[PDB]
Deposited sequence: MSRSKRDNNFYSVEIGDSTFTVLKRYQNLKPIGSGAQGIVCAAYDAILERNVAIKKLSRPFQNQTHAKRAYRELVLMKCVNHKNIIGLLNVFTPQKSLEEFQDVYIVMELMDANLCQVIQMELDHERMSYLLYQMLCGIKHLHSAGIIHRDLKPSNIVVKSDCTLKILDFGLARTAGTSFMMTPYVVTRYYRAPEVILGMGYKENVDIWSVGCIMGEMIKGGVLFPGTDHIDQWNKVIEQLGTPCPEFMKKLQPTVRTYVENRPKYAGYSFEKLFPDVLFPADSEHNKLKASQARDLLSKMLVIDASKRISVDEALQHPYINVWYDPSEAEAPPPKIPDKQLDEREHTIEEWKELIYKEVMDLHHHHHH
């Protein structure tokens, strides 16, 4: 009575009457997402219906994790929670979780290959880093930032779509069998920034092994010290490739490609796109870089931050929805 049902392909969205004009804008393993209009807030929203949250303990655990992080994380550069609801009236009936977010206009996929000025390039990158820094402060290291999971609006604002864990943006740590730390996310920021400048994908590998080869072809074969950190079996492959010297960042990103500034961008790129993470720039240093620091505002860039049965997870999730 507070709710109505809309058929969305083979799926039924049963949602508060305030949400109208539902249309499917995507799906995946964990949910189906519709664009909608919210009649109470008077704005466009994205409505995500979780897919099989209680099929097993692993689904339930992830669903619980997502709900909590969205509630607790609040930052202008991270997709926020507008609302959560279930159409069911009790724990015994409880089945469906609906998460409501602000509706963004686009992801970065096409936008970054349209040629942008330095102001838009650096402003967008500034917002990305602010989002990431806030994720890291909450103990979330993404590991899978790409243009498709970073969203924007026609007013040049930007939010990170999800909390992470197309291989083009995956750091060498991820590609190979390695440990990672916070700066794993810096690699992905670098790949995006490079793509903005050059107008196409930097390292377009045709498979997971090929992804590695396109990286070294441009940047150079990593040092012996780095090779030592590899697991034995990945090391046997990696270490025995032809030896590439790489190209300087002037060769990779010459003035021709750009709209003091281009020199500053190259410098930043040369520090983000480092194969060996122990020699790669941190998020804090990236935010302080002359190319990025022009936008600095501490309220944005220095903002303050187990085992259960299925029915136990249901209960914990139901509490969270309520």
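- Gaps without C-alpha coordinates occur at 1 to 7, 173 to 187, 282 to 288, 335 to 344, 362 to 369, with positions taken along the deposited sequence from 1.
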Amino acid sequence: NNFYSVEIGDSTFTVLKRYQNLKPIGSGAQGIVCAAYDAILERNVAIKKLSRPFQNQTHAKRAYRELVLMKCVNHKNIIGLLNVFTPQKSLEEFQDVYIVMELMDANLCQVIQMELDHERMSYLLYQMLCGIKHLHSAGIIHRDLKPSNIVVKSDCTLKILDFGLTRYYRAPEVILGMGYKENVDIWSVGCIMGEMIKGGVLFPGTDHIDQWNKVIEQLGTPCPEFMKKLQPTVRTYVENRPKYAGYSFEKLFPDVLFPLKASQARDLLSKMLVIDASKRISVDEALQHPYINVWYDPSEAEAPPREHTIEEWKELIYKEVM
From here on, numbers count along this sequence of modelled residues.
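Rigid core: the largest C-alpha set superposing within 1.5 Å between the two forms.
- Farther on average from this form in 4 other deposited structures of this protein lies stretch 19 to 27, the comparison being between 296 to 304 and 19 to 27 by RMS Cα distance after core superposition.
- Taking the rigid core as the alignment reference, the C-alpha atoms of 93 to 101 lie farther on average from the displayed form in 4 other deposited structures of this protein than those of the other stretch among 93 to 101 and 244 to 252.
- When the C-alpha B-factors of 64 to 72 and 23 to 31 are averaged, 64 to 72 comes out higher.
- Mean CA B-factor, 143 to 151 versus 111 to 119: the higher value falls on 111 to 119.
- Comparing C-alpha B-factors across 186, 125, 160, 223 in the deposited entry, the largest value falls on 223.
- The entry lists C-alpha B-factors for 132, 209, 192, 104, and the highest of these is at 209.
- Ranked within its chain, residue 266 lands in the middle third, by CA B factor from the PDB record.
- Ranked within its chain, residue 229 lands in the highest third, by CA B factor from the PDB record.
- In this PDB entry, residue 284 carries a Cα temperature factor that places it within the lowest third of its chain's modelled residues.
- Split the chain's modelled residues into thirds by C-alpha temperature factor. Residue 6 is in the middle one.
- When the modelled residues of the chain are ordered by their C-alpha B factor, residue 55 lands in the highest third.
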